[PDB]
Every structure is written in C-alpha cells, then in structure tokens.
Amino acid sequence: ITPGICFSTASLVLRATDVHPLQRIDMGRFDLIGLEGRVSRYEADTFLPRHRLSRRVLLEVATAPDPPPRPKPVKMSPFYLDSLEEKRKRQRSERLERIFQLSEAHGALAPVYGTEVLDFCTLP
Amino acid sequence: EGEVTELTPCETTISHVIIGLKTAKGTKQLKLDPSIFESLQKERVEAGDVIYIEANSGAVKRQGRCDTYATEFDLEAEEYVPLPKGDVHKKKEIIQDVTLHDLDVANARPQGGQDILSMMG
Amino acid sequence: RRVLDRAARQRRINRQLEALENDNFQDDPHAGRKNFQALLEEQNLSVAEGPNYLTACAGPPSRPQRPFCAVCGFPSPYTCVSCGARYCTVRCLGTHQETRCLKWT
Amino acid sequence: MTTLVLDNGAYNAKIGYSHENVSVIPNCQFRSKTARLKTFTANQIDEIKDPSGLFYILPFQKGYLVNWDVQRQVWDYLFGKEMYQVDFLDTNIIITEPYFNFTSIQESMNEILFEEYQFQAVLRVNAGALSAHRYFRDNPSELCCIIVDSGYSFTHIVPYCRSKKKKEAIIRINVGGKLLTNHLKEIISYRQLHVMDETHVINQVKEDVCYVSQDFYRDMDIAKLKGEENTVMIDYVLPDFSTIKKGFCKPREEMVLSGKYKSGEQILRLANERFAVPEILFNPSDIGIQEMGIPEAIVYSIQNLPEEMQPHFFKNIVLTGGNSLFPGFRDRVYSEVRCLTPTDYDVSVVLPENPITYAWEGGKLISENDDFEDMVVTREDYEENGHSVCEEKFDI
Amino acid sequence: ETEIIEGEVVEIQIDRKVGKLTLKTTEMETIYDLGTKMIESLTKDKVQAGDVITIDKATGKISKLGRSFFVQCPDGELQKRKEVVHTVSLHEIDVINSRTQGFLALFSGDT
Ligand SMILES: Nc1ncnc2c1ncn2[C@@H]1O[C@H](COP(=O)(O)OP(=O)(O)OP(O)(O)=S)[C@@H](O)[C@H]1O
Ligand SMILES: [Mg+2]
Ligand SMILES: [Zn+2]
Ligand SMILES: [Zn+2]
C-alpha cells in the first residue's frame with residue numbers, strides 16, 4: 001500500500017474555464033437534446049400556441065386583488081412617499097416583464113422527436 | 001449577488017423561497033421560484049455565505065463565506081470572500097459570438113441529469 | 001503550566017471592563033451618597049416591565065468578535081493555553097507570559 | 001424674564017442664557033498635588049499650570065448623577081456672582097437629564113431646583129429631545145428623525161417623531177469617551193510608558209490623534225510595516241508643562257524612524273492606537289463588550305419601529321455628542337448604515353458643525369417659542385401639585 | 001500566498017459540532033477553536049497527540065509528516081504566510097479543464 005500522488009497546481013488554473021454569468025449568454029435557448037424525454041409534441045404544437053400567456057393577462061392578474069377563498073366542500077397617509085412608491089411600481093413592472101420574457105424563452109424550443117414519437121417507436 | 005442574510009422557504013411542499021442578499025449598497029429581499037431551493041440546498045447555502053443567483057436560469061453558485069465571519073472560528077477550512085461592492089441586482093447587456101459547431105457539440109451529449117445512466121455517463 | 005477555569009477568565013474580563021469606568025486610577029492627593037448598584041437595587045427594576053434602563057442595553061452583535069493581540073493590538077491567530085489571552089508572535093507570547101499570564105503583575 | 005439653558009453633562013456643562021452665547025465648562029471638581037488645600041470647581045481648571053497628575057471629582061457615575069455634594073458646589077459656582085449672577089426668583093431653567101433617569105434622581109432634582117434655588121419654572125428634558133427639536137426647526141418637511149448621542153459616559157440611540165419620543169426603541173451602547181480614554185491609557189501604560197495618572201493629557205491625545213478608519217484591515221497592514229510606508233504611525237510629544245505647554249504631533253518630514261531624539265522630549269509613539277480606540281464605538285466586542293456597535297444599533301432601533309416610518313428614519317440620521325467629532329466618523333457611519341439598510345431606502349447621515357452645542361441650541365430654540373410657558377412647571381404649582389406634575393409633564 | 005500551520009499536536013478534543021486543537025512549536029504553544037469543516041478534516045485523517053502535521057488553512061489539507069517524542073518539532077511561528085509559485089504547462093491547464101476529474105489524464109494518458 002502506497003500513499004496517493006498529491007498533484008499541486010495553481011488555484012487560478014481551476015478557474016480557467018469559469019466565465020462569470022454577466023459575461024456569457026444563456027445556452028439553454030439552443031438546448032434541443034435536453035427536451036428529449038421531458039417535452040412532448042402536444043406541449044410544443046397544440047397547448048403552448050393556444051395557452052401562452054400575454055403581457056395583458058399577466059398585468060391584469062398581477063394588478064387584480066387576491067381571489068376569494070375557495071368554498072368548503074358541501075355534501076349535496078402622513079408617511080407616504082411618492083418616490084418610494086414610484087420605485088416600487090417600476091420594480092413590479094420590471095419583474096412582470098422579466099416573468100413574461102422568461103416564460104416565452106423557456107417554452108420556445110420544440111423537440112426534434114418528442115416523448116410521443118419516442119414512446120411509439122420504442123419496442124419492449 | 002450578495003451575502004445571504006436570510007433564507008426562508010415558505011410552506012403552502014414549498015410555495016416559494018424568500019432570500020435576503022446584502023451588498024455594500026444595501027439589502028434586497030427576493031422571492032425565489034421553488035425550484036431554486038433544491039439548488040440552494042445542493043450548494044449548501046447558509047446565512048453569511050456570498051452567493052449569486054441567475055435570474056434566467058435559477059443557477060446558484062456559493063462563492064465562499066463572507067469575510068466578516070472570518071473570525072467566527074480560529075481554524076476552519078473555508079474560503080472567505082469580500083462582500084460584493086455594487087448593487088444586489090446587476091444588469092449587463094452583452095454581445096457574445098458563438099459558432100454553429102458550439103451548438104452542435106452542445107447538443108451532441110446531454111448535460112446534468114440525476115438519473116443513474118446520466119451520472120454514469 | 002497551570003490552567004484557569006471559566007470563572008477566573010470571566011472575573012478577569014469583568015474586572016478589566018469595570019476598570020474602564022473608574023474616575024481616577026490614583027488616590028485623592030488631599031488624602032483627607034450612593035453608587036450605581038445601590039441606585040439599581042433601590043429602583044427595583046424588573047425586566048419586561050416596559051422600556052427601562054435594563055431593557056435598553058444593546059444586544060449581542062451579529063458579527064463575530066475579532067481577535068486582537070493583548071500586547072501590541074495587531075490581529076492575533078494564536079490563543080494562550082493557560083489564560084486564554086490572544087497573541088500574534090513568539091515575542092508577544094513571551095511578553096504576555098512574563099507580564100499578565102497567571103499572576104496579574 | 002430671562003431663561004437659562006443648561007446641559008448638565010457628565011463631562012462638560014453647556015450653560016448659557018437664551019439671549020446670549022453658549023459656554024462649555026467642565027462639570028466636575030479638580031484636585032492637584034501642586035495645591036495643598038484647594039479644590040478647583042468647573043472652569044477654574046484653566047488657572048492650574050501643571051495639570052499632570054490631576055484628580056477628578058465627578059458628580060456622575062456611569063452617566064447618572066450619583067454624587068450630590070460636588071454637583072451642588074459646581075452649580076453654586078456656575079450660578080454664583082462670579083459666573084452668571086442668576087436671579088433665581090425670576091428665571092426659568094432648562095436642564096437636561098440622562099435617559100431613563102431613576103425616580104430617586106428625578107425627585108432629588110425637583111426638590112433641589114424648586115426649594116434650594118427656588119427657580120420660577122423648571123423644564124427637565126433629554127438632550128435628544130432638544131436636538132430633535134432643533135433638527136425639526138431646521139428641516140420643517142421631516143416628520144421623523146433618529147438621534148445618536150455619543151457622549152462621555154454612554155451612547156444612546158433614540159428615534160423621535162415630531163413631538164414624541166419612541167421609548168420602546170431606545171438602545172444604549174455602554175461605550176463613551178470615558179471608556180475610550182481609559183482604554184487608551186491602559187494600552188499606552190501596558191505598551192510604552194505609564195500614563196495612568198495622566199487622564200487629561202491622554203484625553204487631549206485622543207482628541208488630537210485618533211480617527212475612524214474607513215478600511216480597518218488595510219490600516220492595520222499599513223501600521224504593521226516599518227519605514228516610510230508606515231504612514232499611520234506618528235510621533236507625539238507629551239507636554240512637560242515646563243517648555244511644552246500643550247501636546248503636539250511631530251511633522252512627518254521631521255520624523256525619525258529609530259525613535260531616538262537628541263532633544264530630551266518625552267515622545268509617545270502611536271501606530272495602531274490611532275484607529276483601534278475609535279473602533280470600539282463601531283465594534284464594542286473588540287475590547288470585550290458583547291454589544292452591537294453604533295450602526296447595527298441604529299439599524300436595529302429603526303427596524304423595531306413600524307414599516308411605514310422606517311424610510312423617514314433612515315433619511316434623517318443625526319450625529320450628536322463629543323465622540324462624533326472624530327475624523328471619518330460620519331463617513332464610517334454612513335457606509336455601515338448604507339450596507340445594512342434595504343436598498344430601496346435612501347440613507348442620509350448629518351453631522352452638525354458643533355455637535356457639542358446642538359442640545360443647547362435646541363434648548364434656546366424651544367425657549368424662544370410661544371408654547372414655552374405651557375411646557376414648564378411653576379413653583380406656585382409646585383407647592384401643591386408639583387411632585388406628581390413634574391413626572392406627568394416631563395417626558396423623561 | 002497561503003497560510004501554513006506546521007507544528008506538533010498536543011491535545012485534540014471533539015464534542016457533539018465543536019472542537020478544540022492544541023498545537024505547539026519549540027517556541028510557542030496555542031489552542032485553536034475548530035470549525036465544522038476542519039473538524040471533519042481532522043476526523044477523516046486520524047490525528048492524535050504527538051503527531052507532527054502541517055495544515056493548509058484554506059483547504060484543510062492535513063499531511064502527517066511523522067511523530068515526535070521521527071521528525072523534530074518545528075521551531076518558529078506556528079502559522080506562517082508562504083508564497084507558493086507554480087509553473088503550469090498549457091497542456092496541464094487544458095487537461096485539468098477538459099473534464100471533471102480531468103487532471104487524472106495528466107498521469108494516465110487518456111487525454
Ligand atoms: N475633538 C474631539 N475629538 C474626540 N473626542 C472629543 C473631541 N471633543 C470632545 N471629545 C470627547 O467628547 C466627550 C464629551 O462629549 P459630551 O457629549 O459633551 O459629553 P456630555 O454630553 O457632557 O456627557 P454625557 O454623555 O451627555 S452624560 C469627552 O469624552 C471628550 O473626550
Ligand atoms: Mg450630553
Ligand atoms: Zn502582538
Ligand atoms: Zn497566558
């Protein structure tokens with residue numbers, strides 16, 4: 001029994017491939033192989049073209065009050081600041097725009113084959 | 001990006017995660033998609049750690065402990081990192097060039113995957 | 001070497017902190033009425049009985065304590081085994097052992 | 001007719017008339033070995049010529065009035081024919097009190113003021129209340145403010161609304177100028193030379209050389225060096241009171257690295273004590289006090305208060321007291337509070353030109369108001385209702 | 001630059017996590033308050049009183065270089081700041097960053 005080889009290198013070498021997120025683009029918009037076994041032809045072709053969110057719907061839902069509580073089953077301003085509120089509403093608008101853009105980006109790609117095709121073609 | 005001052009998952013399962021990030025220019029409270037809680041637990045993120053979270057992907061990187069806690073023990077095997085200087089929320093518009101070969105090799109093999117076949121791959 | 005229990009270290013720390021509130025270190029050059037503790041005990045001041053003197057005391061800091069050398073003040077990686085005092089170098093350890101370790105000279 | 005404004009601090013008494021200027025006079029008696037039978041009172045310390053080995057007789061212990069005889073003597077000297085010639089029967093007095101003043105001390109104050117001197121009317125307030133009044137007079141648009149009173153014996157942090165004090169959120173830090181001076185004495189005595197009998201000189205040294213560091217560990221690294229690169233290290237010549245009346249710092253061009261000087265000047269070399277002593281205000285745990293520092297305490301006091309009022313409190317941080325005169329104090333406080341404050345809330349820290357006399361100016365301003373007569377408690381009302389109504393009217 | 005702690009172990013205490021470690025040189029002795037990661041590192045590599053070990057503070061890399069009561073105990077300061085210089089070939093950088101655990105290919109071919 002021998003001790004292992006301790007190979008020592010510069011700490012900067014281990015960060016050679018590392019790129020800060022603010023310096024690189026999202027490669028998930030080109031991820032085709034990641035959709036296999038997870039995304040179906042139904043989702044890409046029939047559902048999403050019909051049930052994509054719109055900015056108008058998102059804004060309406062965000063601005064509207066909370067929905068009424070679900071019924072139980074039955075067996076049958078001195079301290080107000082204008083600048084702070086303007087900042088907060090600008091932040092809310094930015095958040096809603098980000099939500100819309102991310103929801104559009106994360107369902108843009110359609111699978112090459114899809115779950116249905118693979119399941120049909122996969123014999124026991 | 002910033003030091004974690006609070007990490008509270010909100011139960012309805014977890015409806016959302018409320019996180020508190022601190023920088024030299026202030027503190028911000030963020031509501032996280034519940035899928036990021038798994039990434040935070042995998043990265044072993046606790047209060048006092050300096051992390052960054054990607055808004056578009058939810059990726060979490062724990063880049064060490066804050067140097068304000070460097071004296072909490074006399075001998076720990078920890079990497080202590082300065083507190084970030086700018087704002088918690090950082091926006092940058094970038095132009096990056098990629099080639100078709102990069103997308104080809106990116107789609108030649110799968111990435112990640114918690115299945116046994118993916119891990120063995 | 002000898003080792004000092006927690007009570008001795010706490011007493012030393014309390015004595016050092018109390019010495020910082022002393023009016024003078026010497027005696028009266030002429031050489032020939034209450035105190036704060038008497039006032040507190042006469043006030044019969046109870047915790048959680050509204051805002052008062054005791055409840056106004058600052059709580060423990062969130063940031064951990066930073067060690068400094070008891071001899072020169074620069075940061076100190078080392079802790080003296082005998083008394084728990086912090087120190088940063090062999091010279092500082094020798095000075096601390098000669099001066100204020102064990103017996104308080 | 002006239003109104004007397006007094007800030008009975010544990011270190012300096014800010015005494016003056018409402019129609020006149022302000023005077024800063026030490027509120028303690030002195031004894032020295034150069035005088036066999038002679039006790040100096042208040043500003044008489046200027047008469048002595050060898051303040052080395054000076055003995056202090058204080059009327060305040062831990063920031064509260066505990067010795068009544070010396071305080072009575074100091075007041076009699078200040079109110080006597082030599083200083084101000086106060087006509088007690090036709091004068092109103094505004095005198096400040098420590099926060100959370102004990103019931104016994106308040107009763108003694110009322111009894112002494114209304115019987116031994118027989119003032120026409122007395123208004124007992126806190127220095128923070130006067131500072132808040134002055135700040136609101138200066139800034140009419142602000143509805144809330146937070147006052148940091150870093151004084152001789154303590155440092156309170158008190159938030160004030162327009163006409164009310166938030167008693168719930170008052171936080172006291174047991175670090176003051178007395179503690180800093182004693183710590184500097186102890187450090188110098190342990191390291192270079194014994195100065196434990198030189199409280200006056202060490203206090204002047206602290207006032208002259210100490211400063212608040214923006215980067216603590218960078219300054220520590222700079223101080224640890226030897227040679228030209230050690231810009232922090234300076235040489236101080238202590239006053240011998242024979243040919244050097246007052247202490248001074250040697251110019252950097254005149255500094256000698258070896259430390260030996262042909263002139264027989266007693267030179268005190270301070271390198272890391274310049275910012276280690278002031279750092280106790282921001283980090284009490286450095287010396288062993290398990291208490292939060294000034295910025296963390298400010299943030300805690302604000303965050304205890306309701307959410308709607310928090311941005312207003314964050315916008316009106318005011319620094320008062322002697323310890324606030326350290327170089328870099330305001331910048332350090334602002335930086336730390338900005339680091340701790342939520343990013344959506346703006347942070348503004350204001351250091352007045354004379355933080356010592358802020359409370360006195362506030363008292364003068366509140367004296368000039370047309371609502372002054374309603375605030376005070378008269379002696380005629382004192383005879384029957386006084387002892388209860390003094391507690392009722394005064395928001396101590 | 002790295003901080004290297006080299007000394008002789010005097011006493012190691014671990015309690016259910018908190019722990020203490022006492023190290024000595026020929027000129028000074030010290031007790032350390034240990035963190036969780038260093039406690040785990042010292043538990044994984046069996047360290048007992050009398051062993052002469054060196055610790056890399058940032059990584060917890062503990063290597064036992066003998067026992068003293070055989071290597072003489074270190075003389076000077078326990079904690080030393082050292083400047084470490086590495087000359088790394090471009091091939092080494094490429095192989096290390098080619099894949100996870102890719103440095104093994106520097107030793108077993110398989111690049
Ligand atoms: N230029 C200065 N630099 C540093 N400290 C100073 C300076 N001028 C005064 N001080 C300190 O200020 C303190 C006195 O400040 P004050 O707030 O006036 O004390 P005080 O208010 O009379 O007593 P309290 O705390 O209100 S009971 C002393 O400890 C002095 O050392
Ligand atoms: Mg005062
Ligand atoms: Zn030292
Ligand atoms: Zn010791």
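Indices start at 1 and increase along the chain as displayed.
Header lists the method as electron microscopy, 4.0 Å.
The backbone N, Cα and C atoms fix where each Cβ goes, and this holds for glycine too.
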Field: Where Swiss-Prot places phosphothreonine when the choices are C:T55, C:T95, C:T99
entry: C:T55
- request: Among the recorded positions C:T55, C:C69, C:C72, C:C80, C:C83, C:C101, state which ones have a Cβ less than 8 Å from a Cβ of chain D, giving them in sequence order; state 'none' otherwise.
  value: C:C72
Query: What is the separation, in Å, between the Cα atoms of C:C92 (Zn(2+) 1 binding site) and C:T55 (phosphothreonine)?
result: 40
Query: Which residues, sitting 6 or more apart from C:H96 (Zn(2+) 2 binding site) on the same chain, put a CB under 8 Å from its CB?
result: C:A70, C:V71, C:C80, C:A85, C:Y87
Field: Rounded Cα separation (Å) that holds between C:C101 (Zn(2+) 2 binding site) and C:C72 (Zn(2+) 1 binding site)
entry: 15
Binding-site residues among C:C72, C:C83, C:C88, C:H96 whose Cβ lies under 8 Å from any chain E Cβ: none
Distance, C:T55 (phosphothreonine) to C:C69 (Zn(2+) 1 binding site) (CA atoms, angstrom): 33
- line: Contact set of the zinc finger (C:69-101) with the rest of its chain, CB cutoff 8 A exclusive, min separation 6+ beyond the ends, reads 1-4, 9, 12
Residues flanking the Zn(2+) 2 site, with Cβ no more than 8 Å from the Cβ centroid of C:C80, C:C83, C:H96, C:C101 and excluding those residues themselves: C:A70, C:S82, C:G84, C:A85, C:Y87, C:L93, C:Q97, C:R100, C:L102
Field: Cα separation, C:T55 (phosphothreonine) to C:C72 (Zn(2+) 1 binding site) (Å, whole number)
entry: 36
